[PDB]
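*Asks:* Let me give you the structure first, and then I'll get to my questions.
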Amino acid sequence: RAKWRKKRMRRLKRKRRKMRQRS
Amino acid sequence: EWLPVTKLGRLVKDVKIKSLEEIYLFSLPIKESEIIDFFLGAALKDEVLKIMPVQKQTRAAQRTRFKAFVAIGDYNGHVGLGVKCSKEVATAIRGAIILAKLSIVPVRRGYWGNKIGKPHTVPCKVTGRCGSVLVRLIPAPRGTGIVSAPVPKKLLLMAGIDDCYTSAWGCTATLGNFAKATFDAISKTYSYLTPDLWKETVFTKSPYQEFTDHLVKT
Amino acid sequence: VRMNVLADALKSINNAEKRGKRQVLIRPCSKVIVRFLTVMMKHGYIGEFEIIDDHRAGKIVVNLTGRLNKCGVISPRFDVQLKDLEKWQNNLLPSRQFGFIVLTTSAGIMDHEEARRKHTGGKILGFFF
Amino acid sequence: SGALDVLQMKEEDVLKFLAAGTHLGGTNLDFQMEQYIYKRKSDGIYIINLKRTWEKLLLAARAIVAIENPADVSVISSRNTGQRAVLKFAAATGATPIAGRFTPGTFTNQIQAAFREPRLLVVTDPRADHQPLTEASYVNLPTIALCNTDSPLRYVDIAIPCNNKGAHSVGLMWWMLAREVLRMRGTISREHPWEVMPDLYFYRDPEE
Amino acid sequence: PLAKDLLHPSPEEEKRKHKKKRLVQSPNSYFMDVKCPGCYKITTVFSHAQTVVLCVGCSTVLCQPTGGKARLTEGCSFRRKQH
Amino acid sequence: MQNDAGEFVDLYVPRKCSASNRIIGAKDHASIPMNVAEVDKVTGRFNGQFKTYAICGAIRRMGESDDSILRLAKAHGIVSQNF
Amino acid sequence: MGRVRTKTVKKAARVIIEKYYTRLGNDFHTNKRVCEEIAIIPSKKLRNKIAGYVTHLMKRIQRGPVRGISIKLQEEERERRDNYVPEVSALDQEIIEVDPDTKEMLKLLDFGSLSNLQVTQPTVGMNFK
Amino acid sequence: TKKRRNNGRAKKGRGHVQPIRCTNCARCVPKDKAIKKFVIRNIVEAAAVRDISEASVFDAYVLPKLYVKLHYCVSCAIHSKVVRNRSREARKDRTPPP
Amino acid sequence: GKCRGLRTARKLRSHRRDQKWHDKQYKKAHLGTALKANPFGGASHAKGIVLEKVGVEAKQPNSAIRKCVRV
RNA sequence: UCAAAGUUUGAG
RNA sequence: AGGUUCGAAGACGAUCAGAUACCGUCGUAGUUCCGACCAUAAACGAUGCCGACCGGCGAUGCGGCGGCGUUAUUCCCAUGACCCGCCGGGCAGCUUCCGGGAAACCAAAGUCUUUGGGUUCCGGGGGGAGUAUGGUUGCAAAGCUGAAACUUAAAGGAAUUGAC
Ligand SMILES: [Mg+2]
Ligand SMILES: [Mg+2]
Ligand SMILES: [Mg+2]
Ligand SMILES: [Mg+2]
Ligand SMILES: [Mg+2]
Ligand SMILES: [Mg+2]
Ligand SMILES: [Mg+2]
């Protein structure tokens with residue numbers, strides 16, 4: 001889809017936020 | 001032999017109308033392909049611009065068929081742009097040539113600046129446009145020639161437009177369209193109301209009035 | 001808003017002339033408009049217009065005559081420098097044979113050729129043919 | 001028209017029109033027609049300036065006269081009102097008629113059989129007798145028309161403000177045109193009235 | 001259509017044009033020398049009064065105003081005749 | 001159309017709408033020359049000559065030909081002042 | 001639920017009658033054999049069929065006219081009863097009925113004949129939405 | 001491409017309208033959109049009407065009616081044949097059926 | 001619309017100056033990146049050393065091997 | 001006055 | 001603060017090859033009010049704002065003017081509801097060879113190679129990607145700003161004939 005691809009990205013960012021907050 | 005199916009045709013056959021400028025004045029529709037060929041027999045010359053094959057999908061493959069573009073002109077004043085879409089190419093072509101001959105139109109060709117000699121360029125900068133394509137003809141000074149793309153060059157020569165700067169935009173690639181546009185340009189030379197015209201029109205009888213007692217053939 | 005009076009005056013007189021109107025009204029009027037028209041009237045493009053003195057701003061009614069391909073304007077009123085005036089008239093007028101760029105000079109509002117005679121530069125207004 | 005002295009009006013003709021009710025037009029005035037009207041009434045009917053009506057009628061007459069070989073004045077009704085009237089007209093005049101069901105491309109088409117190539121049409125209702133009126137522009141045809149208030153004057157080059165509705169007034173308007181061409185050339189004096197009846201031009205509702 | 005004397009418009013169709021768009025922007029309104037029945041004094045109202053017009057004798061009220069023209073009180077005759 | 005030698009050039013001179021100074025082109029088929037007859041004056045009865053107006057297509061399909069012709073008529077004394 | 005005739009029947013039959021109304025008749029077998037004489041038919045069945053539709057058309061003709069056909073005697077009758085004239089209607093005896101607006105028209109056109117005026121009708125309400 | 005100028009939804013000059021839950025699907029829908037079928041109807045319907053009027057206590061009696069403004073969502077209309085699809089011409093012609 | 005006025009130059013100019021960086025080619029010339037990214041540091045050719053010969057399998061519709069060199 | 005019905009040589 | 005209904009999540013019952021879904025039975029948060037954040041929507045007419053000009057028609061909504069009749073109240077007055085126009089300004093509608101447009105269409109999407117009324121925001125093949133990174137705002141969720149390397153010959157719109 002597109003909506004769901006956007007969701008994907010926003011979750012996937014949400015991980016990258018969380019990994020970089022470890023440092 | 002020719003047998004005129006029209007009123008005008010019968011007049012022309014009987015050597016009643018002297019030139020096709022007597023027709024163009026009164027803006028009569030020429031429907032006989034022989035009229036034009038009688039007035040501009042020879043001189044008038046034809047060239048196939050392109051054969052494009054256009055094809056409609058049927059349930060059992062496709063009806064591939066042809067479309068021959070033809071321009072025609074007597075390298076002096078007159079040109080036409082014939083398009084006929086038929087099955088076998090020859091039969092397409094043949095019809096297009098006729099369709100051009102029926103189309104043909106006069107060009108008012110003019111001068112660039114210093115008014116001397118015999119007209120050579122387009123009078124005023126006109127355009128003809130067609131389905132995204134837009135063609136501008138511009139008056140250009142003697143010698144220049146036609147500074148133009150091939151397809152416009154081809155007609156513009158055939159018209160009797162010796163010299164002309166042109167520009168163009170849209171999808172000039174679409175040949176038929178691009179010829180159609182540049183044709184409608186030089187058709188619109190005689191449509192532009194310069195001050196050179198301006199003198200109140202006289203009005204003449206018209207062939208159908210002038211030859212009234214003739215047409216009712218005694 | 002109403003910004004370039006001249007501009008909306010010309011435009012209406014051309015929009016008339018397209019649609020075939022015999023005469024045509026124009027709703028602000030000005031020295032500049034008037035002056036322009038007079039130049040067009042000099043060269044046969046329009047008829048004998050006439051102007052309604054409201055105790056205010058103005059109103060012209062121009063007798064048209066179907067002779068006018070297009071009366072147009074150039075904003076901005078660019079300064080032409082005679083040098084350039086040839087270039088202007090080349091890429092703005094439809095020929096070297098008719099048309100008149102009309103530019104406002106020291107001398108007055110006038111076609112390019114009255115300007116070229118007098119050898120006067122000027123600011124452009126508009127054009128017609 | 002030049003309703004200056006000779007071919008003016010006369011009390012007897014106005015009495016005709018009034019009776020036939022050609023003046024009593026329609027409710028829906030088209031802006032082209034505004035020109036040919038005295039007034040709306042109460043109710044909702046635009047009454048047609050009849051002097052005005054005549055003036056065009058005579059013009060049309062003068063236009064039809066101009067056609068040298070009258071044959072190629074081609075006359076049409078589509079409606080079963082003009083139907084007979086326009087046949088009668090062409091007979092007395094010497095024009096050509098087409099009563100109903102105009103065959104698309106009689107004015108266009110070389111090939112086709114009914115290819116008539118006239119110099120002037122006369123239609124009844126430009127609304128209805130319409131196909132021909134559009135054809136009268138692929139081939140260069142001036143035109144006459146019996147227009148009401150309702151009518152559009154698209155392509156009609158010389159309108160006539162009528163009651164193209166009413167069968168009575170239609171025949172009357174065709175009969176009137178018939179006189180006036182005939183007067184403007186040959187077999188009518190003008191001092192004596194015309195031997196033909198207007199009633200000969202009327203459409204008959206199945207009566208007897 | 002295609003021909004309209006914009007310099008010679010008839011008053012039968014200027015009356016029916018907007019005060020502003022009439023060739024010479026006129027007003028639509030008028031002053032009217034009202035009488036009233038009681039007083040002999042002659043008050044002078046304006047069609048569009050927007051004020052409760054009280055007399056010179058100050059006996060009774062003339063013009064209760066509204067949207068457009070003013071409502072004249074009961075037995076109050078008037079005349080425009082001027083200008 | 002002329003060149004500097006003064007000699008007429010250009011292969012024909014277009015007809016030109018009597019309603020719009022506009023040129024009835026090589027293939028403006030909508031156009032018309034209406035010939036219209038005269039009279040002697042004293043008799044009615046068509047006397048030889050014509051009043052002959054021509055109108056460009058445009059104005060026909062604008063539906064403004066009939067108004068045009070009407071107006072030309074009364075410019076040549078054919079139509080006798082509807083008022 | 002089957003037999004419709006083709007145009008090769010219906011044309012022939014239409015034309016035949018146009019040319020031999022006289023000799024043709026309602027009695028089938030007579031005009032079955034007429035159609036053999038006057039028309040050169042190739043087959044028997046088609047002959048026989050044509051004749052059928054002929055007898056179907058002879059039945060219609062005996063009961064007003066038909067659209068796609070021309071009998072000589074019908075056309076003569078139609079011609080007679082489309083040049084009918086009684087002693088005239090559009091004189092509207094003495095007294096034509098008329099409005100004030102028409103009477104005002106006729107005053108403006110210089111007329112005051114023998115026509116009677118009548119209105120009451122207040123601006124009603126024409127149609128309804 | 002734009003299918004209808006309208007956009008099958010008679011709004012024009014608003015921005016928002018109360019939504020209506022469809023009497024069939026339950027589906028949410030704009031009120032202005034959504035095919036609305038009012039129904040008036042005799043309670044009894046034409047067979048049993050004479051059964052009843054024979055076994056009435058009341059001499060004569062008028063018999064009442066049953067007034068229902070069903071709203072339909074597009075699907076639900078289209079499905080239960082409350083509304084067909086139409087040709088490009090026909091689509092434009094907004095007269096009710098006779 | 002345009003800015004069009006007379007004392008606009010700057011606004012006009014600066015606008016086009018901005019919009020040049022949505023022209024893919026312009027950006028290639030005027031951002032660094034491309035110049036950095038080429039192994040031929042903006043050079044028409046470059047010498048190198050062939051550190052193996054490499055089998056390049058061609059793009060789908062035209063099936064073949066291409067024979068390349070890891071320089 | 002709405003049960004279930006997924007997929008389709010790389011071999012031109 | 002409150003919690004009727006419905007109802008993310010979650011539980012069952014079905015259905016299916018499987019259904020962690022569609023159908024059904026429960027049901028948390030949420031839906032509700034107040035006070036504080038958040039700044040996004042197909043937030044759409046997918047159509048920037050002001051200004052002019054360029055054809056009809058019927059409608060409707062407010063205000064105003066003008067008009068003969070009805071209803072009426074009580075016997076007239078003054079009415080309000082009707083009725084028939086005109087004026088301004090709205091919401092739209094139909095209408096056509098105005099003119100445009102790749103067009104479907106648009107009286108604007110017109111007045112454009114006959115190109116300039118004023119001015120703001122903006123796009124520059126498709127992807128990568130509204131991603132990475134820096135800044136900033138936010139309690140969070142996220143928002144605003146916003147690349148490149150690399151890839152790739154189309155991706156796209158409109159309309160046609162088919163097939164389905
Ligand atoms: Mg919204
Ligand atoms: Mg559930
Ligand atoms: Mg919430
Ligand atoms: Mg957004
Ligand atoms: Mg645009
Ligand atoms: Mg531009
Ligand atoms: Mg891109």
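By order in the structure tokens, chains are A, B, ...; within a chain, residues start at 1; ligands start at 1, following the order shown.
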Chain A: which residues are helix (DSSP H, G or I) by DSSP, as JSON, numbers by chain?
*Replies:* {"A": [3, 4, 5, 6, 7, 8, 9, 10, 11, 12, 13, 14, 15, 16, 17, 18, 19, 20]}
*Asks:* Generate a file of the selected residues that holds N, CA and C atoms, formatted as a PDB file, in the first residue's frame.
*Replies:*
ATOM      1  N   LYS A   3      -0.220   3.993   2.704  1.00  0.00           N
ATOM      2  CA  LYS A   3      -0.526   4.148   4.110  1.00  0.00           C
ATOM      3  C   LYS A   3       0.221   3.175   4.972  1.00  0.00           C
ATOM      4  N   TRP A   4       0.164   1.905   4.612  1.00  0.00           N
ATOM      5  CA  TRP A   4       0.856   0.918   5.389  1.00  0.00           C
ATOM      6  C   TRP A   4       2.357   1.004   5.234  1.00  0.00           C
ATOM      7  N   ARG A   5       2.865   1.451   4.091  1.00  0.00           N
ATOM      8  CA  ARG A   5       4.309   1.662   3.976  1.00  0.00           C
ATOM      9  C   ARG A   5       4.760   2.780   4.878  1.00  0.00           C
ATOM     10  N   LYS A   6       3.967   3.833   4.960  1.00  0.00           N
ATOM     11  CA  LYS A   6       4.238   4.901   5.901  1.00  0.00           C
ATOM     12  C   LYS A   6       4.305   4.361   7.319  1.00  0.00           C
ATOM     13  N   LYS A   7       3.367   3.491   7.684  1.00  0.00           N
ATOM     14  CA  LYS A   7       3.351   2.888   9.024  1.00  0.00           C
ATOM     15  C   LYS A   7       4.627   2.149   9.269  1.00  0.00           C
ATOM     16  N   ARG A   8       4.965   1.269   8.345  1.00  0.00           N
ATOM     17  CA  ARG A   8       6.230   0.570   8.382  1.00  0.00           C
ATOM     18  C   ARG A   8       7.369   1.515   8.754  1.00  0.00           C
ATOM     19  N   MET A   9       7.537   2.590   7.989  1.00  0.00           N
ATOM     20  CA  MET A   9       8.628   3.540   8.218  1.00  0.00           C
ATOM     21  C   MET A   9       8.597   4.147   9.580  1.00  0.00           C
ATOM     22  N   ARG A  10       7.407   4.466  10.073  1.00  0.00           N
ATOM     23  CA  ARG A  10       7.283   5.126  11.368  1.00  0.00           C
ATOM     24  C   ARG A  10       7.578   4.212  12.532  1.00  0.00           C
ATOM     25  N   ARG A  11       7.311   2.921  12.367  1.00  0.00           N
ATOM     26  CA  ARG A  11       7.752   1.913  13.335  1.00  0.00           C
ATOM     27  C   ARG A  11       9.244   1.682  13.233  1.00  0.00           C
ATOM     28  N   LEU A  12       9.734   1.617  12.006  1.00  0.00           N
ATOM     29  CA  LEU A  12      11.135   1.330  11.752  1.00  0.00           C
ATOM     30  C   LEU A  12      12.059   2.462  12.239  1.00  0.00           C
ATOM     31  N   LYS A  13      11.646   3.716  12.038  1.00  0.00           N
ATOM     32  CA  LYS A  13      12.263   4.869  12.708  1.00  0.00           C
ATOM     33  C   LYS A  13      12.235   4.648  14.210  1.00  0.00           C
ATOM     34  N   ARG A  14      11.061   4.297  14.738  1.00  0.00           N
ATOM     35  CA  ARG A  14      10.865   4.110  16.187  1.00  0.00           C
ATOM     36  C   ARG A  14      11.830   3.138  16.814  1.00  0.00           C
ATOM     37  N   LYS A  15      12.347   2.218  16.020  1.00  0.00           N
ATOM     38  CA  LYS A  15      13.441   1.384  16.466  1.00  0.00           C
ATOM     39  C   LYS A  15      14.755   2.152  16.419  1.00  0.00           C
ATOM     40  N   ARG A  16      15.071   2.741  15.271  1.00  0.00           N
ATOM     41  CA  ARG A  16      16.290   3.539  15.126  1.00  0.00           C
ATOM     42  C   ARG A  16      16.420   4.693  16.123  1.00  0.00           C
ATOM     43  N   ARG A  17      15.305   5.275  16.565  1.00  0.00           N
ATOM     44  CA  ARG A  17      15.337   6.213  17.691  1.00  0.00           C
ATOM     45  C   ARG A  17      15.890   5.467  18.895  1.00  0.00           C
ATOM     46  N   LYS A  18      15.328   4.294  19.147  1.00  0.00           N
ATOM     47  CA  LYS A  18      15.580   3.552  20.366  1.00  0.00           C
ATOM     48  C   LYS A  18      16.970   2.970  20.473  1.00  0.00           C
ATOM     49  N   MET A  19      17.559   2.600  19.345  1.00  0.00           N
ATOM     50  CA  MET A  19      18.946   2.109  19.303  1.00  0.00           C
ATOM     51  C   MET A  19      19.979   3.201  19.477  1.00  0.00           C
ATOM     52  N   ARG A  20      19.678   4.371  18.943  1.00  0.00           N
ATOM     53  CA  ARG A  20      20.584   5.488  19.017  1.00  0.00           C
ATOM     54  C   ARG A  20      20.441   6.198  20.363  1.00  0.00           C
TER      55      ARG A  20
END
*Asks:* Let me see if you get this right: every residue at most 10 Å from ligand 2, counting only C-alpha atoms (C1' of nucleotides) and all ligand atoms, written as a list in words.
*Replies:*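 Going residue by residue within 10 Å of ligand 2, we get residues 7, 21, 22, 23, 24, 25 and 26 of chain K.
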*Asks:* How would the residues just picked look written out with N, CA and C atoms (P, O5', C5', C4', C3', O3' and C1' of nucleotides) as a PDB file, in the first residue's frame?
*Replies:*
ATOM      1  P     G K   7     -19.707  -2.367  17.615  1.00  0.00           P
ATOM      2  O5'   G K   7     -18.233  -2.038  18.107  1.00  0.00           O
ATOM      3  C5'   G K   7     -17.389  -1.222  17.308  1.00  0.00           C
ATOM      4  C4'   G K   7     -16.251  -0.709  18.136  1.00  0.00           C
ATOM      5  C3'   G K   7     -15.323  -1.763  18.705  1.00  0.00           C
ATOM      6  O3'   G K   7     -14.247  -2.014  17.822  1.00  0.00           O
ATOM      7  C1'   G K   7     -15.901  -0.219  20.384  1.00  0.00           C
ATOM      8  P     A K  21      -6.465 -10.733  13.735  1.00  0.00           P
ATOM      9  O5'   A K  21      -7.288 -11.449  12.573  1.00  0.00           O
ATOM     10  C5'   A K  21      -8.732 -11.453  12.514  1.00  0.00           C
ATOM     11  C4'   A K  21      -9.186 -10.747  11.259  1.00  0.00           C
ATOM     12  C3'   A K  21     -10.685 -10.749  10.979  1.00  0.00           C
ATOM     13  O3'   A K  21     -11.338  -9.718  11.693  1.00  0.00           O
ATOM     14  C1'   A K  21      -9.529 -11.370   9.027  1.00  0.00           C
ATOM     15  P     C K  22     -12.863  -9.864  12.017  1.00  0.00           P
ATOM     16  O5'   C K  22     -13.509  -9.784  10.575  1.00  0.00           O
ATOM     17  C5'   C K  22     -13.553  -8.525   9.916  1.00  0.00           C
ATOM     18  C4'   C K  22     -14.045  -8.723   8.512  1.00  0.00           C
ATOM     19  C3'   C K  22     -15.486  -9.188   8.361  1.00  0.00           C
ATOM     20  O3'   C K  22     -16.399  -8.094   8.381  1.00  0.00           O
ATOM     21  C1'   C K  22     -14.042 -10.423   6.935  1.00  0.00           C
ATOM     22  P     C K  23     -17.440  -7.914   9.585  1.00  0.00           P
ATOM     23  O5'   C K  23     -18.234  -9.292   9.587  1.00  0.00           O
ATOM     24  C5'   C K  23     -19.292  -9.562   8.653  1.00  0.00           C
ATOM     25  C4'   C K  23     -20.172 -10.684   9.155  1.00  0.00           C
ATOM     26  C3'   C K  23     -20.485 -10.683  10.645  1.00  0.00           C
ATOM     27  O3'   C K  23     -21.615  -9.871  10.911  1.00  0.00           O
ATOM     28  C1'   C K  23     -19.712 -12.815  10.004  1.00  0.00           C
ATOM     29  P     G K  24     -21.745  -9.195  12.327  1.00  0.00           P
ATOM     30  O5'   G K  24     -21.827 -10.452  13.295  1.00  0.00           O
ATOM     31  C5'   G K  24     -23.070 -11.148  13.420  1.00  0.00           C
ATOM     32  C4'   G K  24     -22.961 -12.227  14.456  1.00  0.00           C
ATOM     33  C3'   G K  24     -22.743 -11.737  15.877  1.00  0.00           C
ATOM     34  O3'   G K  24     -23.951 -11.328  16.509  1.00  0.00           O
ATOM     35  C1'   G K  24     -21.245 -13.506  15.391  1.00  0.00           C
ATOM     36  P     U K  25     -23.879 -10.321  17.755  1.00  0.00           P
ATOM     37  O5'   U K  25     -23.256 -11.222  18.917  1.00  0.00           O
ATOM     38  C5'   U K  25     -23.998 -12.258  19.611  1.00  0.00           C
ATOM     39  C4'   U K  25     -23.231 -12.748  20.821  1.00  0.00           C
ATOM     40  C3'   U K  25     -22.759 -11.668  21.779  1.00  0.00           C
ATOM     41  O3'   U K  25     -23.788 -11.334  22.689  1.00  0.00           O
ATOM     42  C1'   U K  25     -20.975 -13.134  21.337  1.00  0.00           C
ATOM     43  P     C K  26     -23.633 -10.024  23.569  1.00  0.00           P
ATOM     44  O5'   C K  26     -22.154 -10.171  24.138  1.00  0.00           O
ATOM     45  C5'   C K  26     -21.551  -9.151  24.942  1.00  0.00           C
ATOM     46  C4'   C K  26     -20.428  -9.743  25.755  1.00  0.00           C
ATOM     47  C3'   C K  26     -19.400  -8.743  26.254  1.00  0.00           C
ATOM     48  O3'   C K  26     -19.771  -8.271  27.538  1.00  0.00           O
ATOM     49  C1'   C K  26     -18.291 -10.493  25.127  1.00  0.00           C
TER      50        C K  26
END
*Asks:* As a quick test: using only C-alpha atoms (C1' of nucleotides) and all ligand atoms, which residues lie no more than 12 Å away from ligand 4? Give them as JSON, numbers by chain.
*Replies:* {"K": [39, 40, 41, 42, 43, 44, 46, 130, 143, 144]}
*Asks:* Could you jot down the atom CA of residue 81 of chain G to atom CA of residue 75 of chain D separation for me, Å, one decimal place?
*Replies:*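 Going from atom CA of residue 81 of chain G over to atom CA of residue 75 of chain D covers 22.0 Å.
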*Asks:* For ligand 6, return the neighbouring residues as a PDB file with N, CA, C and O atoms (P, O5', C5', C4', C3', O3' and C1' of nucleotides), in the first residue's frame (distance at most 12 Å; only C-alpha atoms (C1' of nucleotides) and all ligand atoms).
*Replies:*
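Generated output (pocket-v7.pdb):
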ATOM      1  N   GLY I   1       1.411  33.213  -9.983  1.00  0.00           N
ATOM      2  CA  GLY I   1       1.993  33.964 -11.141  1.00  0.00           C
ATOM      3  C   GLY I   1       3.436  34.400 -10.952  1.00  0.00           C
ATOM      4  O   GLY I   1       4.105  33.973 -10.005  1.00  0.00           O
ATOM      5  N   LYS I   2       3.906  35.255 -11.856  1.00  0.00           N
ATOM      6  CA  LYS I   2       5.275  35.770 -11.808  1.00  0.00           C
ATOM      7  C   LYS I   2       5.324  36.982 -10.855  1.00  0.00           C
ATOM      8  O   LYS I   2       4.297  37.378 -10.296  1.00  0.00           O
ATOM      9  N   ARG I   4       7.148  39.929 -11.752  1.00  0.00           N
ATOM     10  CA  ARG I   4       6.741  40.740 -12.901  1.00  0.00           C
ATOM     11  C   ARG I   4       7.054  42.201 -12.843  1.00  0.00           C
ATOM     12  O   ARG I   4       7.481  42.767 -13.830  1.00  0.00           O
TER      13      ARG I   4
ATOM     14  P     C K 112      -5.313  37.129 -25.101  1.00  0.00           P
ATOM     15  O5'   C K 112      -5.218  35.551 -25.279  1.00  0.00           O
ATOM     16  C5'   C K 112      -4.544  34.730 -24.314  1.00  0.00           C
ATOM     17  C4'   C K 112      -3.115  34.530 -24.736  1.00  0.00           C
ATOM     18  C3'   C K 112      -2.908  33.495 -25.838  1.00  0.00           C
ATOM     19  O3'   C K 112      -1.865  33.858 -26.738  1.00  0.00           O
ATOM     20  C1'   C K 112      -1.724  32.840 -23.918  1.00  0.00           C
ATOM     21  P     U K 113      -1.811  33.226 -28.214  1.00  0.00           P
ATOM     22  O5'   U K 113      -0.438  33.792 -28.788  1.00  0.00           O
ATOM     23  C5'   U K 113       0.820  33.221 -28.386  1.00  0.00           C
ATOM     24  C4'   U K 113       1.906  33.643 -29.342  1.00  0.00           C
ATOM     25  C3'   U K 113       1.778  33.050 -30.738  1.00  0.00           C
ATOM     26  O3'   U K 113       2.376  33.910 -31.690  1.00  0.00           O
ATOM     27  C1'   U K 113       3.764  32.286 -29.770  1.00  0.00           C
ATOM     28  P     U K 115       1.020  39.189 -27.714  1.00  0.00           P
ATOM     29  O5'   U K 115       1.091  37.880 -26.821  1.00  0.00           O
ATOM     30  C5'   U K 115      -0.039  37.514 -26.028  1.00  0.00           C
ATOM     31  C4'   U K 115       0.363  36.431 -25.073  1.00  0.00           C
ATOM     32  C3'   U K 115       1.103  36.886 -23.819  1.00  0.00           C
ATOM     33  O3'   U K 115       0.728  36.059 -22.722  1.00  0.00           O
ATOM     34  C1'   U K 115       2.448  35.401 -25.016  1.00  0.00           C
ATOM     35  P     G K 116       0.818  36.618 -21.229  1.00  0.00           P
ATOM     36  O5'   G K 116       0.639  38.188 -21.426  1.00  0.00           O
ATOM     37  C5'   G K 116       1.744  39.086 -21.289  1.00  0.00           C
ATOM     38  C4'   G K 116       1.790  39.579 -19.875  1.00  0.00           C
ATOM     39  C3'   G K 116       1.162  40.945 -19.675  1.00  0.00           C
ATOM     40  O3'   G K 116       0.636  41.065 -18.346  1.00  0.00           O
ATOM     41  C1'   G K 116       3.491  41.093 -19.347  1.00  0.00           C
TER      42        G K 116
END
*Asks:* Find the spatial neighbours of residue 98 of chain G, counting only C-alpha atoms (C1' of nucleotides), within a cut-off of 9 Å - ignore same-chain residues fewer than 5 positions away - and output them as a list in words.
*Replies:*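 The residues satisfying every condition are residues 18 of chain D; 103, 115, 116, 117, 118 and 119 of chain G.
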*Asks:* May I have the residues from that selection written out with N, CA, C and O atoms, as a PDB file, in the first residue's frame?
*Replies:*
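Listed below is the output, again29.pdb:
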ATOM      1  N   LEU D  18     -54.502  39.451 -36.776  1.00  0.00           N
ATOM      2  CA  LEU D  18     -55.205  39.446 -35.493  1.00  0.00           C
ATOM      3  C   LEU D  18     -56.092  38.235 -35.330  1.00  0.00           C
ATOM      4  O   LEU D  18     -56.099  37.612 -34.272  1.00  0.00           O
TER       5      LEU D  18
ATOM      6  N   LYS G 103     -54.630  46.276 -28.378  1.00  0.00           N
ATOM      7  CA  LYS G 103     -55.289  47.528 -28.744  1.00  0.00           C
ATOM      8  C   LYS G 103     -54.334  48.722 -28.637  1.00  0.00           C
ATOM      9  O   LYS G 103     -54.440  49.668 -29.418  1.00  0.00           O
ATOM     10  N   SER G 115     -62.884  45.285 -33.894  1.00  0.00           N
ATOM     11  CA  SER G 115     -62.304  44.312 -32.978  1.00  0.00           C
ATOM     12  C   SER G 115     -62.691  44.719 -31.555  1.00  0.00           C
ATOM     13  O   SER G 115     -62.600  45.900 -31.206  1.00  0.00           O
ATOM     14  N   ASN G 116     -63.096  43.749 -30.739  1.00  0.00           N
ATOM     15  CA  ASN G 116     -63.557  44.003 -29.369  1.00  0.00           C
ATOM     16  C   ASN G 116     -62.530  43.639 -28.293  1.00  0.00           C
ATOM     17  O   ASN G 116     -61.868  42.604 -28.376  1.00  0.00           O
ATOM     18  N   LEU G 117     -62.447  44.484 -27.267  1.00  0.00           N
ATOM     19  CA  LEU G 117     -61.403  44.409 -26.249  1.00  0.00           C
ATOM     20  C   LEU G 117     -61.942  43.690 -25.030  1.00  0.00           C
ATOM     21  O   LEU G 117     -63.091  43.919 -24.644  1.00  0.00           O
ATOM     22  N   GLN G 118     -61.125  42.838 -24.415  1.00  0.00           N
ATOM     23  CA  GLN G 118     -61.497  42.215 -23.140  1.00  0.00           C
ATOM     24  C   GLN G 118     -60.302  41.624 -22.391  1.00  0.00           C
ATOM     25  O   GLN G 118     -59.633  40.728 -22.909  1.00  0.00           O
ATOM     26  N   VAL G 119     -60.044  42.137 -21.183  1.00  0.00           N
ATOM     27  CA  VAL G 119     -59.271  41.407 -20.163  1.00  0.00           C
ATOM     28  C   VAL G 119     -59.847  41.607 -18.769  1.00  0.00           C
ATOM     29  O   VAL G 119     -60.480  42.626 -18.477  1.00  0.00           O
TER      30      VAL G 119
END
*Asks:* Which residues, written as a ChimeraX atom specification, have at least one atom at most 6 Å from residue 49 of chain C, with only C-alpha atoms (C1' of nucleotides) counted and residues fewer than 5 positions away on the same chain left out?
*Replies:* /C:61-63
*Asks:* Select residues of chain B: the criterion is any atom within 7 Å of an atom of chain D, counting only C-alpha atoms; output as a list in words.
*Replies:*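 My answer is residues 5, 6, 29 and 212 of chain B.
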*Asks:* Which residues are close to residue 97 of chain D, i.e. within 8 Å by only C-alpha atoms (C1' of nucleotides), leaving aside same-chain residues fewer than 5 positions away? Reply as a list in words.
*Replies:* residues 74, 75, 76, 86, 87 and 90 of chain D
*Asks:* Just the selected residues (C-alpha atoms), exported as a compact mmCIF listing (two decimals), in the first residue's frame, please.
*Replies:*
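Saved to out_34.txt:
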# COMPACT_ATOMS: atom_id res chain seq x y z
CA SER D 74 -35.78 25.51 -50.95
CA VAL D 75 -38.53 25.52 -48.41
CA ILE D 76 -39.08 23.14 -45.54
CA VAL D 86 -44.82 25.04 -47.52
CA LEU D 87 -45.91 22.78 -50.31
CA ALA D 90 -43.46 26.44 -53.43
